[PDB]
């Protein structure tokens, strides 16, 4: 109806860096805009109401200004607790319409993973399957690859990569690769390995096992 | 306490229906406007409808109109979303929010959100299998063990390590959907090599739709 066009859709700034998010209203809304912070899989949290006002309890880093139809949330000092998606919302009319959201990530010194290798359970072998885990812990940046070289083979069928969201104190991601194998698959092979080359490493470091 | 507590959100077959309620604590609802906003998974926030409990006057987003109906029971201090004829579009978390009494028309308070999953496929309960922190998993010392929710539908699973006693270095990985169309994740926690044979390390997976609560311990053998 009245659309709020929010930029940018994606961001990366290191601590205390100055941060500006901009939402522009297709029509004049007056002062009838509010700014919100939705942390990973929590509900939205009001930072700023009436365009410029700071919700009680919100830190002073956060600020809001208007330029007629152009609106700005600024964080003077970006803190890692600040990692969220930030939303503008107009409420001058019905419907209330929100921005497409700005997702803020925190640049931190390079930090390499803590690779662990885990086997398929005897109650998992009993269930009649055989799924293997390769846990890269607390590492920055995001980008890396988990190559499973089971009995020295590179199998594109199985690879399933769930990453956690930036930690709110370190801003290291963690990643799980899982080898999808019906027990039939697994019965034969014995040596099993997952290999990783990251921006934290001067060497790809492998973590392997054998059945005993 | 000014608390909103959602309910109703489970799995619904497409064409289906589903009643969502929002509990009101620490204020009376006649005083304000109540709102239902949904957040499709990965996608942004979308407003759905609102209501003035006092006169029961209600406006509705056109993306739902004639299908959803917003209502309230001043008695119980509660508001409801009856959602009919659901489409997989409608698959999303539904938050109720409020409007700060009068002349403070912002969403100061929001519910935790209830997940509606608009799919035909059945409600599989989860397998729980513990993790072996062998001699290929120690850092010499501070080493890692875990769990693995193997098969479930629909989202989500509440994993508690030692019933929330254990917090630190608990990474519970986003769910990843399987070739099967069944969800699997992987819950992990880091410990020193010596406290493998000290304390009881137990992730207590809960798949709430499949009223399953399997509490599997992690042993080192």
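Quick note: the coordinates plus some simple rules give every number you see, no bench work behind them. Cβ coordinates were reconstructed from backbone atoms using ideal geometry, including for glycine residues, and neighbour counts include every protein chain displayed.
Below is a table of values for the structure above.
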quantity: Filter result (assigned to a strand (DSSP E or B), within 12 Å of another protein chain (Cβ to nearest Cβ) and under 19 Å from residue B:137 (Cα atoms)) within the stretch A:112-160; calculated: A:116, A:117, A:118, A:132, A:133, A:134, A:135, A:136, A:137, A:138, A:139
quantity: Single match in B:206, B:211 (criterion: farther than 22 Å from residue A:117 by Cα, more than 14 Å from chain A (Cβ to nearest Cβ) and crowded, with 17+ Cβ neighbours inside 10 Å); calculated: B:206
quantity: Search result, residues across the stretch B:160-195 that are in contact (Cβ under 8 Å) with a residue 24 or more places away in the chain, at positive phi and out of contact with any strand residue (DSSP E or B) (no Cβ under 8 Å at 6 or more places or on another chain); calculated: B:181
quantity: Complete set of residues in the stretch B:181-199 that are loosely packed, with under 15 Cβ neighbours inside 10 Å and under 27 Å from the mean Cα position of the chain (by Cα); calculated: B:181
quantity: Of all residues in the stretch A:74-111 being part of a strand (DSSP E or B) and more than 14 Å from chain B (Cβ to nearest Cβ), the one that is surrounded by the most Cβ atoms within 10 Å (Cβ to Cβ); calculated: A:75
quantity: The stretch B:118-135, residues that are touching a helix residue (DSSP H, G or I) at 6+ places or on another chain (Cβ under 9 Å) and either buried (at least 20 other Cβ atoms within 10 Å of the Cβ) or within 7 Å of chain A (Cβ to nearest Cβ) (or both); calculated: B:118, B:127, B:128, B:129, B:130, B:133
quantity: Within the stretch A:1-57, tally of residues that are outside any loop (DSSP other than H, G, I, E, B), under 30 Å from residue B:115 (Cα atoms) and within 11 Å of chain B (Cβ to nearest Cβ); calculated: 13
quantity: Evaluation of residue A:116 against (1) within 17 Å of the chain's Cα centre (by Cα); (2) closer than 30 Å to residue B:135 by Cα (one fails), failing number; calculated: (1)
